[PDB]
Structure formats: structure tokens, C-alpha cells
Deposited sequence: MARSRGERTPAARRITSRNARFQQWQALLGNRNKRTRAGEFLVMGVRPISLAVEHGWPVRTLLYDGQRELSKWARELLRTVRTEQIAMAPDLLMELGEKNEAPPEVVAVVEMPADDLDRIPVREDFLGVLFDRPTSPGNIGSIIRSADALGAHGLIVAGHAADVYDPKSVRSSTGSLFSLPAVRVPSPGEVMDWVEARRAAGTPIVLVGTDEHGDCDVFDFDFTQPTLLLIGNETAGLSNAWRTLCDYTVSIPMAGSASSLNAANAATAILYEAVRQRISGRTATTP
């Protein structure tokens, strides 16, 4: 095996993932979402069982198709090498009902995936991973997104200044996006805020909150009421709940 070892390097460290511009995706369901949403598939790896769905995948996705022994597939029956898109902020569409999420400096890839799943499911339009972060294309992120990665554009952006240039430009085409930070001890209960406006929701780190550079640029900062001093919420759970509040207002009136 040789080109196999290039595929194995994509599981481990993100340096090699970035240079090749591609990543691993497993499961008939995730791959089909990738095909359906226009993501390129350079290679398609497959085990003797084979499902009805996996079979239909082979005779429909017209790309390089390679058989593998059960041994080497590490427990999945299909794996795809998928073309990683460019990190363009215009992949996120901005309309009058904008609802987006920024995740500030996350250390948990699992948490990124979770946010994508939740933002996809609750009708948000895009996610931004800002700053020195764990990789959107890390397998823990791909897995826990559950295929939402392909329907909900996640864009990676090292500088917070580049996010502000895009936001200000969206503002210039009449779309009054408000930045809404989130925090345990904020100035405004989450259910008192008007989520019917175009909204970019800023979600903080697991150990630090939001950076202080993001708290300054926030128009408003909202909080979910908590039972006590000792308690707080995980990033993905908290963000799910706020996104849900937004949907509720938008549906309620």
C-alpha cells in the first residue's frame, strides 16, 4: 500500500489534509449528501456484505472506485476522499432572514460538528470557525455533523478582522446584521432579544469565553438563565438552545 498511506495521513494531522485539499468521509448517508450538494468525490473506497444503499452508490457516483480488504478500512463499509472547498465567506448566503453562527477559537472538533448539525437542523444559514481553531475537517467534526457539513456551509477564518469586512459589506447591501455574543452572565436574557432580525450569533470557547475582541464588537450579549454559581453549559448545547429560541420567535411572531 502507498496511496493508502496518503489516505491514512488524512485521518491523522491536519497539515497533510490542508496541502492535499481533501478529507475522509464515511457512511453511505454522509457520502450521498456530499454528492447531492455538489461536493466533488475524487475517490470511493469500499469493502463483502454491501448494503442496498452502498450498491446504488457505486453504480451512480461515476468516479475512481477502489475495492479494499476489511482489514484496511480502519467500523464502516464505505469511505470517500472528498474535495475540500475554499474558505470563501460568500459561500454563506445572506438574506433578510439571516441566521448565522460564529464559533470563537474552538478546541473541540466534536463541538464544531455538533454546531453544524444543530444550525442545519434549526434553519441557520452558515457557520464561521474563527481564529486558531480545531479543524472543521477533523474526522470527529465530520462524524458528529452527521452529514450536515455538506448542506450547511462551514467557513474557516483565521482573522476576526476579515469577518468584520464581510459583515460590514453585507450591511452596505441593506441587510442590518447584528452581532449577538453569548455568555452566562450577559446583559440580556436570551428570550428578551429580537431574533427576527438578521443575526450572527457568537459562540465562545469551552474554557475561555468569547475573546474580549469579540465582546467589544458585539451589539448585544445574551444569556440563558442558569440555576447556580457552579453551573454552566457546553458550547454546542448552549448554542443549540439559542438557535432554538430564534426559531421559536420567528415562528411565534
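By the record, the deposited chain contains unmodelled runs at 1-18, 66-67, 95-102, 282-287, with no C-alpha atoms placed there.
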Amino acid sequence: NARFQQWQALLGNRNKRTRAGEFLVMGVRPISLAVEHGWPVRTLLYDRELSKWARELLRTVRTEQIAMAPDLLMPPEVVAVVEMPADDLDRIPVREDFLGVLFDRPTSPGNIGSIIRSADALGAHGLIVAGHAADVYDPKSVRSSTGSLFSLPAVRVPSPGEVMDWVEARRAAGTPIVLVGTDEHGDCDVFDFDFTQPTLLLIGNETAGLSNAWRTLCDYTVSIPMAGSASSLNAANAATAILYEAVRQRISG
From here on, numbers count along this sequence of modelled residues.
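Two stretches are in play, 206-214 and 27-35, and the higher mean C-alpha B-factor belongs to 206-214. The entry lists a Cα temperature factor for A241 that places it in the lowest third of the chain's modelled residues.
Sort the chain's modelled residues by C-alpha temperature factor and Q197 lands in the middle third, per the entry.
Per the deposited record, the Cα B-factor of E162 falls in the highest third when ranked against the other modelled residues of its chain.
The deposited CA B-factor of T60 belongs to the highest third of values across its chain. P176: CA B factor in the lowest third of modelled residues in this chain (values from the PDB entry).
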